[PDB]
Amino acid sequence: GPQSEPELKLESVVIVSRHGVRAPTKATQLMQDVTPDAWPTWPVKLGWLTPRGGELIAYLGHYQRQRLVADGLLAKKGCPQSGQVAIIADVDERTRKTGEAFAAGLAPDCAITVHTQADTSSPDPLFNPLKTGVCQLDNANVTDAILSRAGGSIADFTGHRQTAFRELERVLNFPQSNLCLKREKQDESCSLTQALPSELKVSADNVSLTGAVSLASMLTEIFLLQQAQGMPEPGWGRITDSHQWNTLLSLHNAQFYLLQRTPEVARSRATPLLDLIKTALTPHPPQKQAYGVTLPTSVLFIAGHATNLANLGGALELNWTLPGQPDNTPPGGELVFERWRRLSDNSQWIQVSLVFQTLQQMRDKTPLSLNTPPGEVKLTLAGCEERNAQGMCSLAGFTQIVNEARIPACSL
């Protein structure tokens, strides 16, 4: 029967995805000391992707295949022709296995290659050029920029978020913790922000926060991973409604806003990824390039980290909050770049979106499909001056934004 008159044709898609659910990367004395309760153990070694984690990623891959078939970019049956789908992953187990899980869902039994750099025992500069010393952060500028975004000091920052820290204290049963019961001394109410003062540390290669701010960001992420993993009682059963989830994860999102979205950090850290993305999106005779991948092509899946998603958002002025997903940068969350050809005049356009499983979709292990899709937020490029009716940025305008956002000294 007669369907919607096609207005745009999908021509290429680049998905920058966070790795899936992975077991907490560290078990520290400080984590022991801020709660009287025992942290539940995990079925895999520290930092590794869990089997359920891979299954959640494979659901997104399945969904992406269905919708890309609907958009006419992939064939309904069969394996994608050689090179039509490419997968690049960071060197970590959790990212390589994420790449494999997405391929297993997108194109089961097609043995699509998950490419990495040659040495998997060393950091890949594409996913953070600061880490291998390709470039350095400007200490004065990063310090000023982050402190300003914090409200002027980290003390201002925590002071505005007392509600969330006390919610974290409740979930930990902090008052009955060793940090609290051993304090000096007994007549002062115990406070997480005050027992662990937080400072901003800026070095050439890294920015971090100490004390309660970074501890809170880690611990609230752990609760969310317990939830997504199907653990019986995340937060020892003390997280019972969605207001509580949002409140807790606000501490995690707030640290990412400071450390990973601040452009003075994000532009540098995202520069190699920016170049790769623009390479994949630009019409051009196909050519073997980074990782031995031929670009451009139909679908490129990049398996990285929440920081990468946050850095790109910061560099490109893309803002988002995810309905039903308390974590702004959730396991498996995808920043989705698409090149669309407008049929009326054959012009080229770039759309950006953020695709993600809701927390309940992870909790219930909900298989995804066209009738049960993941969540999805349409994004705008804040700096784009040439938009079409759908909010996309012209190819030329996207290229200028990337050329201004990137830092040449951080390129590969």
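So that there is no doubt, residue numbering starts at 1 and follows the sequence shown.
The PDB entry records a higher mean C-alpha B factor for 225-233 than for its counterpart among 225-233 and 269-277. When the mean C-alpha temperature factors of 63-71 and 22-30 are read from the deposited coordinates, 22-30 comes out higher. The top Cα temperature factor in the record, among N308, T247, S208, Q287, falls on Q287. If you compare the C-alpha temperature factors of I350, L359, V377, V44 in the entry, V44 comes out highest. For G99, the recorded CA temperature factor ranks within the lowest third of the chain's modelled residues.
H160 sits in the highest third of its chain by CA B factor, as recorded in the PDB entry. Per the PDB record, residue ranking by Cα B-factor puts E93 in the middle third of the chain. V299: CA B factor in the lowest third of modelled residues in this chain (values from the PDB entry). The entry lists a Cα temperature factor for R52 that places it in the middle third of the chain's modelled residues.
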